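Structure record follows, encoded as structure tokens.
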Amino acid sequence: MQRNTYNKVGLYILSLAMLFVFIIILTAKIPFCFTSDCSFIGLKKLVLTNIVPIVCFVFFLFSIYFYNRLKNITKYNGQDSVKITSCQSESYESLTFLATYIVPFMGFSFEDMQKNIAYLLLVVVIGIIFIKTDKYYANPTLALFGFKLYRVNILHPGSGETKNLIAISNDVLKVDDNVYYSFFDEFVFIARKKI
Amino acid sequence: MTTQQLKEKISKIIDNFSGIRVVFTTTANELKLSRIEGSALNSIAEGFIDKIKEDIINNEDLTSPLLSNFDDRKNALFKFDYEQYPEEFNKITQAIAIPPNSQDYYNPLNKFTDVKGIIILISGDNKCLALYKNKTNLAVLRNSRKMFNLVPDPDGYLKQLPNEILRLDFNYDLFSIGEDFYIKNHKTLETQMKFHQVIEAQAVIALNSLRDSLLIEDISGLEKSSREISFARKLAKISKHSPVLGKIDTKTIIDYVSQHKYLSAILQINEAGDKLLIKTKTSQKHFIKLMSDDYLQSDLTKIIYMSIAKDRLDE
Amino acid sequence: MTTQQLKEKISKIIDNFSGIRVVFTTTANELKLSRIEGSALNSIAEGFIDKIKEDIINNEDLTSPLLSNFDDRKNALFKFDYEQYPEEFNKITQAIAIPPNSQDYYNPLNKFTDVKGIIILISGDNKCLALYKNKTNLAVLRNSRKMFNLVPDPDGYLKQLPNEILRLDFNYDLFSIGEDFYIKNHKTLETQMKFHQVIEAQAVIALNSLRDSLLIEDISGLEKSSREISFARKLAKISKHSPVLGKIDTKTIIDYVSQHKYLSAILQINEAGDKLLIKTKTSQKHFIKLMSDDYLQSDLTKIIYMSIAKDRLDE
């Protein structure tokens with residue numbers, strides 16, 4: 001594993017952050033009582049009656065750490081420029097991804113621990129197939145933070161015309177525009193317009 | 001390519017500035033790319049742009065002669081014109097066209113002991129400029145003498161950082177434009193790029209031509225001096241661009257030495273009146289400069305002059 | 001002073017090596033001796049010995065002309081000719097006589113921005129060789145920046161330490177022996193120790209003598225282009241070392257331009273013929289190169305040679 005495999009694992013864990021916070025808001029069972037008789041039941045009973053909340057909380061922390069690792073990519077050298085030849089926008093992913101792989105988990109009942117073990121195994125299976133299927137750039141947590149995904153064909157000033165690269169830009173992109181590349185992998189790079 | 005067209009191409013790269021990229025070459029002959037911080041890379045790009053502007057753009061006294069006509073002038077970028085390219089030049093040409101989605105990134109756990117040179121790829125207006133650098137002995141430097149784990153110390157014994165720091169000062173040894181290579185520093189090219197054997201082979205050809213010219217009485221003095229690289233530069237210049245050796249008869253040369261104010265008292269004619277006695281190092285240097293056509297007089301002031309840096313005017 | 005006596009004096013210093021002390025130069029113009037670690041001071045000592053040996057000792061093409069006859073030749077050490085010494089030269093001559101028992105000592109808590117020059121005192125044969133280097137803007141170093149406190153990092157952005165660099169290399173800018181001062185880098189002389197005003201003073205006295213020569217109808221072009229030092233240095237050389245200024249009359253000059261087969265075309269003569277018609281920048285440059293007697297020929301090949309860095313033979 002490792003290297004590219006760890007990068008795709010980090011992208012998938014960052015993608016599932018909306019699922020983690022959705023399970024957090026759906027099933028928490030926090031005693032939100034506005035009366036004086038609802039005292040503290042104890043820390044041990046609270047952490048016993050809540051298992052998948054704290055599991056999803058440390059998974060959300062893992063997703064935040066992997067988003068920090070993705071934001072570390074643009075910190076170093078990205079001071080080179082290319083020219084976009086084709087700018088066919090592919091941003092219906094991370095909406096198709098959400099409405100296909102997250103809405104069923106909202107349509108799923110979280111009552112028994114056997115069922116939760118089965119759903120975690122389903123998450124692991126979906127991630128394992130999602131590792132190596134070249135649709136790994138779909139990321140609703142990325143699309144919430146202003147990022148719009150594009151399928152671009154850059155043209156280097158001195159190397160050549162490399163084709164079929166995926167750009168994650170902060171703003172809109174267009175044919176005959178200059179962006180700054182910071183390659184997270186061979187296929188996906190974080191873009192930034194030059195103006 | 002003249003100097004004005006070179007200035008125009010450098011200007012056309014500079015004002016339509018696109019961006020830079022730093023590529024390391026290694027001792028095992030492969031190309032890796034580095035992880036430089038954004039503000040540090042911006043400062044490097046601005047410093048290299050300022051140095052390149054002071055060298056070509058704002059410089060009025062710029063000349064670009066061929067490396068086979070290498071004199072000892074300053075503020076010049078010598079043009080490569082030899083047939084055989086060294087392997088670092090081909091590695092520069094390969095480093096121009098590395099695709100931007102490459103993943104052969106440099107590993108900084110090697111403590112920077114494997115990097116042989118630093119290639120700066122200044123790009124702009126669909127053209128690539130490839131500066132070159134050499135890593136010296138860490139560019140010897142200092143520290144602050146942390147007293148235990150705290151930085152300020154008025155009693156600070158000034159010490160050196162260990163073998164982990166790379167020099168990236170604002171200077172370049174040679175740069176690449178288009179398909180031509182221009183050279184600024186000659187010592188790193190004669191040392192690191194394995195070029196002094198080519199210079200020595202050209203010196204061997206020049207010594208063979210001097211022996212066949214049937215002029216020097218004692219060949220073995222010139223052969224004795226020929227192992228020096230600074231002398232071998234002059235035999236390379238003699239082999240490729242001498243306008244007196246072989247063009248004219250030797251009798252005119254010996255008449256010129258017999259009819260001069262300075263050469264008659266330095267270079268001595270033999271007893272038979274056909275050879276030149278060249279024994280001392282001073283006589284060797286004066287004969288080399290005589291065969292290099294460095295003894296010129298003015299038709300205005302009638303003053304004989306030595307010329308360290310010459311230029312043929314009909315060019 | 002001849003180059004051979006210079007080499008002999010430096011060699012007598014070099015093989016009779018005794019000690020080496022490093023003292024800084026401040027913005028408030030006081031000596032501040034440092035605390036260089038002994039292994040590091042020894043390493044800088046042997047590196048400076050190797051650098052000065054390569055530059056001066058075994059060099060064969062070394063020449064030492066005066067600063068007033070400034071040319072663009074490489075590997076040469078110009079001799080200082082002006083009696084007007086800037087304050088850094090007085091600082092050097094104070095720093096060659098600092099007693100070792102003095103305690104005017106450096107405080108390294110001043111962020112190393114107070115220092116504006118490094119003095120290297122190669123001491124030996126009861127003599128001192130003071131080598132000065134400028135601050136050279138704290139040229140950028142490169143670390144191997146980690147995460148947290150775990151020192152190795154397989155993937156990390158390489159960055160720069162802010163101001164504890166103190167890049168002093170093994171190169172030098174200018175060095176003084178005895179009472180004669182010698183320079184290597186003229187750019188830091190012209191841009192740091194207040195020399196440009198002296199160069200424009202020599203330029204305007206050259207322009208005064210040039211308007212007293214009555215040769216140009218458009219002297220306003222020369223006084224509007226002469227504020228750049230790249231023309232002012234040549235104007236200073238024209239002022240002090242020229243065999244044309246006040247030596248050759250105007251009619252012989254105009255006959256030489258009329259009879260030359262290049263200067264009659266690139267530089268246009270006046271229709272009246274009493275003066276010279278220069279207006280353009282290339283005409284200005286060829287005019288300056290003509291009046292410094294840089295157009296020469298030999299007797300063997302009889303080709304007109306343009307000299308970049310000429311040298312006198314009779315003296």
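Here's how to read the names in the structure tokens: chain A, B, ... by the order shown, residue numbers from 1 in each chain, ligand numbers from 1 in the order shown.
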
Starting from chain A, keep only residues with some atom at most 10 Å from an atom of chain B, counting only C-alpha atoms, and report them as a count of residues only.
-> 33

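The Cα RMSD of chain C against chain B, after a best least-squares fit over all residues paired in order, is 0.7 Å.
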
List as a Markdown table every residue of chain B that is in contact with chain C, defined as an atom at most 6 Å from one of its atoms (using only C-alpha atoms), together with the nearest atom pair and the distance in Å rounded to one decimal, sorted by chain and then rising number.
```
| residue | atom | partner | partner_atom | distance |
| --- | --- | --- | --- | --- |
| B:35 | CA | C:157 | CA | 4.7 |
| B:36 | CA | C:158 | CA | 4.9 |
| B:37 | CA | C:159 | CA | 5.5 |
| B:72 | CA | C:74 | CA | 5.4 |
| B:73 | CA | C:73 | CA | 4.3 |
| B:74 | CA | C:74 | CA | 5.0 |
| B:139 | CA | C:169 | CA | 5.2 |
| B:140 | CA | C:169 | CA | 5.3 |
| B:141 | CA | C:167 | CA | 4.8 |
| B:142 | CA | C:166 | CA | 5.5 |
| B:143 | CA | C:164 | CA | 5.6 |
| B:154 | CA | C:107 | CA | 5.7 |
| B:157 | CA | C:35 | CA | 4.8 |
| B:158 | CA | C:36 | CA | 4.5 |
| B:159 | CA | C:37 | CA | 5.3 |
| B:165 | CA | C:142 | CA | 5.4 |
| B:166 | CA | C:142 | CA | 5.3 |
| B:167 | CA | C:141 | CA | 5.6 |
| B:169 | CA | C:139 | CA | 5.4 |
| B:296 | CA | C:298 | CA | 4.6 |
| B:297 | CA | C:296 | CA | 5.7 |
| B:298 | CA | C:296 | CA | 4.9 |
| B:304 | CA | C:313 | CA | 6.0 |
| B:305 | CA | C:312 | CA | 4.8 |
| B:306 | CA | C:311 | CA | 4.8 |
| B:307 | CA | C:310 | CA | 4.6 |
| B:308 | CA | C:309 | CA | 5.8 |
| B:309 | CA | C:309 | CA | 5.1 |
| B:310 | CA | C:307 | CA | 4.5 |
| B:311 | CA | C:306 | CA | 5.1 |
| B:312 | CA | C:305 | CA | 5.2 |
| B:313 | CA | C:305 | CA | 5.6 |
```

Could you please take those selected residues and save N, CA, C and O atoms as a short mmCIF file (atom, residue, chain, number, x, y, z; two decimals), in the first residue's frame?
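This is the output file selection31.cif:
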```cif
data_model
loop_
_atom_site.label_atom_id
_atom_site.label_comp_id
_atom_site.auth_asym_id
_atom_site.auth_seq_id
_atom_site.Cartn_x
_atom_site.Cartn_y
_atom_site.Cartn_z
N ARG B 35 11.19 20.73 -3.18
CA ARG B 35 10.03 21.23 -2.44
C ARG B 35 10.44 22.55 -1.78
O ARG B 35 10.83 22.58 -0.61
N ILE B 36 10.32 23.64 -2.52
CA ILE B 36 10.71 24.96 -2.02
C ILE B 36 9.46 25.71 -1.59
O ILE B 36 8.41 25.59 -2.23
N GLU B 37 9.56 26.45 -0.49
CA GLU B 37 8.44 27.24 0.01
C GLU B 37 8.10 28.37 -0.95
O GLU B 37 8.95 28.83 -1.73
N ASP B 72 40.01 36.63 -22.32
CA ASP B 72 39.88 36.84 -20.88
C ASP B 72 39.06 38.08 -20.56
O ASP B 72 39.37 38.83 -19.63
N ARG B 73 37.99 38.31 -21.31
CA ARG B 73 37.13 39.45 -21.06
C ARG B 73 36.12 39.15 -19.96
O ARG B 73 35.88 37.99 -19.60
N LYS B 74 35.53 40.21 -19.42
CA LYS B 74 34.48 40.12 -18.42
C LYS B 74 33.17 40.64 -19.00
O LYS B 74 33.15 41.26 -20.07
N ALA B 139 28.55 26.70 1.07
CA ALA B 139 28.67 28.16 1.17
C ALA B 139 28.83 28.60 2.62
O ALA B 139 27.90 29.12 3.24
N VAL B 140 30.03 28.30 3.14
CA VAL B 140 30.42 28.32 4.56
C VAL B 140 29.91 29.54 5.31
O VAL B 140 30.00 30.67 4.82
N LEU B 141 29.31 29.31 6.47
CA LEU B 141 28.36 30.26 7.03
C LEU B 141 28.28 30.04 8.54
O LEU B 141 29.07 29.28 9.11
N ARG B 142 27.33 30.71 9.19
CA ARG B 142 27.32 30.76 10.65
C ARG B 142 25.98 30.44 11.30
O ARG B 142 25.04 30.00 10.64
N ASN B 143 25.91 30.67 12.61
CA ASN B 143 24.78 30.31 13.46
C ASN B 143 24.68 31.38 14.55
O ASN B 143 25.13 32.51 14.36
N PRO B 154 25.00 36.59 24.52
CA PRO B 154 26.08 37.54 24.24
C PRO B 154 27.46 36.91 24.18
O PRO B 154 28.37 37.48 23.58
N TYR B 157 29.83 31.67 20.90
CA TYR B 157 30.91 31.17 20.06
C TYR B 157 30.33 30.80 18.70
O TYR B 157 29.57 29.83 18.59
N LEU B 158 30.68 31.57 17.68
CA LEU B 158 30.03 31.51 16.37
C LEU B 158 30.43 30.23 15.65
O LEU B 158 31.60 30.06 15.28
N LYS B 159 29.49 29.31 15.44
CA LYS B 159 29.80 28.02 14.82
C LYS B 159 29.05 27.86 13.50
O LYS B 159 28.24 28.69 13.11
N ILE B 165 22.79 22.06 4.33
CA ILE B 165 22.35 23.35 3.81
C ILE B 165 22.84 23.49 2.37
O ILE B 165 24.01 23.21 2.09
N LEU B 166 21.96 23.92 1.48
CA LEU B 166 22.28 24.05 0.07
C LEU B 166 22.41 25.52 -0.31
O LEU B 166 21.56 26.34 0.05
N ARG B 167 23.48 25.85 -1.03
CA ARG B 167 23.69 27.20 -1.53
C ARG B 167 22.79 27.45 -2.73
O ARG B 167 22.75 26.65 -3.67
N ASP B 169 22.56 30.99 -4.05
CA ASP B 169 22.81 32.41 -4.26
C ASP B 169 22.39 32.84 -5.67
O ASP B 169 22.16 32.02 -6.57
N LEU B 296 49.27 44.62 -31.33
CA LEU B 296 48.61 45.53 -32.26
C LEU B 296 49.07 46.96 -31.99
O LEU B 296 49.28 47.35 -30.84
N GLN B 297 49.20 47.73 -33.07
CA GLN B 297 49.58 49.14 -32.99
C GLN B 297 48.52 49.99 -33.67
O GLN B 297 47.85 49.55 -34.61
N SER B 298 48.36 51.21 -33.17
CA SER B 298 47.39 52.14 -33.73
C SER B 298 48.00 52.91 -34.90
O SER B 298 49.20 53.16 -34.94
N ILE B 304 52.26 50.77 -29.73
CA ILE B 304 52.07 49.33 -29.70
C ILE B 304 51.34 48.95 -28.42
O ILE B 304 51.68 49.42 -27.32
N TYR B 305 50.33 48.09 -28.54
CA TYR B 305 49.49 47.70 -27.41
C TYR B 305 49.37 46.19 -27.32
O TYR B 305 49.32 45.50 -28.34
N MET B 306 49.32 45.69 -26.09
CA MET B 306 48.87 44.34 -25.83
C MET B 306 47.35 44.33 -25.76
O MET B 306 46.72 45.28 -25.30
N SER B 307 46.74 43.23 -26.22
CA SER B 307 45.29 43.09 -26.22
C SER B 307 44.92 41.80 -25.50
O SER B 307 45.07 40.71 -26.06
N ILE B 308 44.45 41.93 -24.26
CA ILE B 308 43.97 40.76 -23.53
C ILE B 308 42.65 40.28 -24.13
O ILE B 308 42.44 39.07 -24.29
N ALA B 309 41.77 41.20 -24.48
CA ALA B 309 40.47 40.87 -25.06
C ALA B 309 40.35 41.56 -26.41
O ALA B 309 40.23 42.79 -26.48
N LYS B 310 40.38 40.77 -27.48
CA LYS B 310 40.28 41.28 -28.84
C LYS B 310 38.93 40.92 -29.43
O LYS B 310 38.20 40.07 -28.90
N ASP B 311 38.59 41.58 -30.53
CA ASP B 311 37.37 41.27 -31.26
C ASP B 311 37.58 41.64 -32.72
O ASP B 311 37.99 42.77 -33.01
N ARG B 312 37.33 40.70 -33.62
CA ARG B 312 37.42 40.99 -35.04
C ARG B 312 36.27 41.91 -35.45
O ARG B 312 35.10 41.60 -35.21
N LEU B 313 36.62 43.04 -36.06
CA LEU B 313 35.64 44.09 -36.30
C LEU B 313 34.70 43.75 -37.45
O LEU B 313 33.53 44.15 -37.43
#
```

Residue set, stretch 147-278 of chain C restricted to strand (DSSP E or B), as number ranges by chain = C: 147, 150, 158, 174-177, 180-183, 216, 269, 276

Write out the residues from the selection above, keeping C-alpha atoms, as a PDB file, in the first residue's frame.
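Final file, out_19.pdb:
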```
ATOM      1  CA  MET C 147       7.117  18.562  11.270  1.00  0.00           C
ATOM      2  CA  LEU C 150      10.873  14.937  14.750  1.00  0.00           C
ATOM      3  CA  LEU C 158      12.507  23.277   2.241  1.00  0.00           C
ATOM      4  CA  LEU C 174      38.901  43.896  -2.233  1.00  0.00           C
ATOM      5  CA  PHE C 175      42.132  43.445  -0.289  1.00  0.00           C
ATOM      6  CA  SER C 176      44.854  45.778   0.968  1.00  0.00           C
ATOM      7  CA  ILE C 177      48.553  45.079   1.534  1.00  0.00           C
ATOM      8  CA  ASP C 180      48.402  50.223  -1.736  1.00  0.00           C
ATOM      9  CA  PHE C 181      44.777  49.122  -2.053  1.00  0.00           C
ATOM     10  CA  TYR C 182      43.663  46.458  -4.526  1.00  0.00           C
ATOM     11  CA  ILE C 183      40.163  45.625  -5.753  1.00  0.00           C
ATOM     12  CA  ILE C 216      30.155  67.604 -31.039  1.00  0.00           C
ATOM     13  CA  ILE C 269      30.815  62.836 -40.067  1.00  0.00           C
ATOM     14  CA  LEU C 276      31.682  65.171 -35.569  1.00  0.00           C
TER      15      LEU C 276
END
```

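The two atoms in question, atom CA of residue B:207 and atom CA of residue B:282, are spaced 18.4 Å apart.
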
Would you pick out the contacts of residue A:8 at 9 Å or less, using only C-alpha atoms, so that residues sharing its chain but fewer than 2 positions from it are not included, and give the list as a PDB file with N, CA, C and O atoms, in the first residue's frame?
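And here's out_7.pdb as it stands now:
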```
ATOM      1  N   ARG A   3       1.871   5.567   0.005  1.00  0.00           N
ATOM      2  CA  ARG A   3       2.111   6.613  -1.011  1.00  0.00           C
ATOM      3  C   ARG A   3       0.803   6.951  -1.731  1.00  0.00           C
ATOM      4  O   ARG A   3      -0.030   7.659  -1.135  1.00  0.00           O
ATOM      5  N   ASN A   4       0.572   6.495  -2.966  1.00  0.00           N
ATOM      6  CA  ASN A   4      -0.636   6.787  -3.727  1.00  0.00           C
ATOM      7  C   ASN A   4      -1.871   6.191  -3.067  1.00  0.00           C
ATOM      8  O   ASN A   4      -2.926   6.828  -3.043  1.00  0.00           O
ATOM      9  N   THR A   5      -1.737   4.972  -2.531  1.00  0.00           N
ATOM     10  CA  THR A   5      -2.845   4.325  -1.833  1.00  0.00           C
ATOM     11  C   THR A   5      -3.251   5.112  -0.593  1.00  0.00           C
ATOM     12  O   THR A   5      -4.445   5.326  -0.348  1.00  0.00           O
ATOM     13  N   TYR A   6      -2.267   5.603   0.168  1.00  0.00           N
ATOM     14  CA  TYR A   6      -2.566   6.447   1.323  1.00  0.00           C
ATOM     15  C   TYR A   6      -3.179   7.778   0.905  1.00  0.00           C
ATOM     16  O   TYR A   6      -4.035   8.318   1.617  1.00  0.00           O
ATOM     17  N   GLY A  10      -6.808   9.013   2.088  1.00  0.00           N
ATOM     18  CA  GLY A  10      -7.037  10.323   2.676  1.00  0.00           C
ATOM     19  C   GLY A  10      -8.112  11.116   1.959  1.00  0.00           C
ATOM     20  O   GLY A  10      -8.931  11.783   2.600  1.00  0.00           O
ATOM     21  N   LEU A  11      -8.143  11.028   0.627  1.00  0.00           N
ATOM     22  CA  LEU A  11      -9.214  11.666  -0.132  1.00  0.00           C
ATOM     23  C   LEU A  11     -10.583  11.057   0.160  1.00  0.00           C
ATOM     24  O   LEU A  11     -11.558  11.805   0.282  1.00  0.00           O
ATOM     25  N   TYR A  12     -10.673   9.732   0.310  1.00  0.00           N
ATOM     26  CA  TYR A  12     -11.952   9.105   0.643  1.00  0.00           C
ATOM     27  C   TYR A  12     -12.419   9.457   2.055  1.00  0.00           C
ATOM     28  O   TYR A  12     -13.616   9.695   2.278  1.00  0.00           O
ATOM     29  N   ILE A  13     -11.492   9.490   3.017  1.00  0.00           N
ATOM     30  CA  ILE A  13     -11.838   9.856   4.387  1.00  0.00           C
ATOM     31  C   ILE A  13     -12.269  11.319   4.454  1.00  0.00           C
ATOM     32  O   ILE A  13     -13.210  11.663   5.183  1.00  0.00           O
ATOM     33  N   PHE A 130     -13.602   2.301  -4.255  1.00  0.00           N
ATOM     34  CA  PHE A 130     -13.385   3.703  -4.589  1.00  0.00           C
ATOM     35  C   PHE A 130     -11.912   4.088  -4.660  1.00  0.00           C
ATOM     36  O   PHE A 130     -11.603   5.177  -5.156  1.00  0.00           O
ATOM     37  N   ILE A 131     -11.017   3.239  -4.144  1.00  0.00           N
ATOM     38  CA  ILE A 131      -9.584   3.535  -4.141  1.00  0.00           C
ATOM     39  C   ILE A 131      -9.051   3.652  -5.569  1.00  0.00           C
ATOM     40  O   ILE A 131      -8.347   4.610  -5.911  1.00  0.00           O
ATOM     41  N   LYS A 132      -9.413   2.705  -6.431  1.00  0.00           N
ATOM     42  CA  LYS A 132      -8.737   2.502  -7.710  1.00  0.00           C
ATOM     43  C   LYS A 132      -9.731   2.473  -8.866  1.00  0.00           C
ATOM     44  O   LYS A 132      -9.693   1.591  -9.727  1.00  0.00           O
ATOM     45  N   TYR A 136     -11.974   9.113  -7.924  1.00  0.00           N
ATOM     46  CA  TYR A 136     -11.668   9.428  -6.537  1.00  0.00           C
ATOM     47  C   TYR A 136     -11.625  10.921  -6.254  1.00  0.00           C
ATOM     48  O   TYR A 136     -11.553  11.303  -5.082  1.00  0.00           O
ATOM     49  N   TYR A 137     -11.659  11.774  -7.278  1.00  0.00           N
ATOM     50  CA  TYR A 137     -11.643  13.208  -7.027  1.00  0.00           C
ATOM     51  C   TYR A 137     -12.987  13.745  -6.556  1.00  0.00           C
ATOM     52  O   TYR A 137     -13.046  14.902  -6.128  1.00  0.00           O
TER      53      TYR A 137
END
```
